[PDB]
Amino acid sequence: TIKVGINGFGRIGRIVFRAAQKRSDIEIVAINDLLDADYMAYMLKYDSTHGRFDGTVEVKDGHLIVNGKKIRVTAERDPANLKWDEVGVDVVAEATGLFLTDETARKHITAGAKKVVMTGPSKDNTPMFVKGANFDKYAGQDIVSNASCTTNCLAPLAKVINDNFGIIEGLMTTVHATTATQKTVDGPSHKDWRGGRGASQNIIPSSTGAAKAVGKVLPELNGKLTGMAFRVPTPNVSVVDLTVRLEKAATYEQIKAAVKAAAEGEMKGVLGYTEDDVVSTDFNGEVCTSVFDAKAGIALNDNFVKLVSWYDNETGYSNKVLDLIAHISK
């Protein structure tokens, strides 16, 4: 099995760990963060958004015992001192948000790991991969990125639409759940003044590179999409609102049928499809990274349409982090 070390036990690190427990090809063997093992155990067992851990957690001798398996807990600030080889780690899920370049992330390789997956968009030219878009373009690189949660929602939908009808141009809005970078009441946030405003009180405009980054994993869309975000007072689950102009005339029923076909075919398990009267909490825990909402979208005409797709910005992305780990280990 693929032995994985997690650097950073924030939201993504903890949900990757949970999702990994149901897998048989991967097992987590080590976690690194500035948290005691008993605090680590507490954060794993109790989750406001996703409920109790489905399994056993206990602490003995500074290491976790999760579902009977021993997990090494360290608190190194310098990734180079992590000694991943001592626990036999093949791939590091780099989930701190601080090591998003080749130089910073490589110290995991120096520390004994064989490959690294960043759980966020790279800040340099480290290649980015999105399941359903370009996992098949992986070419043995030892450091990769799984892009962002929003790109994992937008890219599979954009590919289906572009492949079938040709996207001339598109603009995206994501209505996005509150995240850990936000503030409970108005507080300091230099570099992003709006993002410091009280999260529970406000709709907050925010920048996002996700739509531009679709052009990295689908080069045929390179300069054809951009977008923005609004952060809203929900704790999890976000929604993409994609307005596109199409080359080939397509009725809304043709669009729905094309997405449904992909959701049951080449993109099964990545792209979902529903015609039900869903709301955001209906996707809490969703494993698909993009669930097309057929009744919510609307067409002005056969070449100009607004498409709606849901994503659990914690769970879907975390499951595809694990999918990328398994893919680069094949």
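Position 1 is the first residue in the sequence shown; the rest follow in order.
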item	value
Greater mean Cα temperature factor according to the PDB record, 53-61 or 269-277	53-61
Average Cα temperature factor in the PDB entry - higher stretch of 99-107, 193-201	99-107
Out of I255, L242, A113, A249, residue topping the C-alpha B-factor column of the entry	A113
Out of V259, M228, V73, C149, residue topping the C-alpha B-factor column of the entry	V73
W84 CA temperature factor, ranked by third within the chain	highest
Position of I298 among the chain's modelled residues by C-alpha B-factor, lowest, middle or highest third	middle
Position of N125 among the chain's modelled residues by C-alpha B-factor, lowest, middle or highest third	highest
Modelled-residue ranking by C-alpha temperature factor, third containing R77	highest
Where the record places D90 (Cα B-factor, split into thirds across the chain)	highest
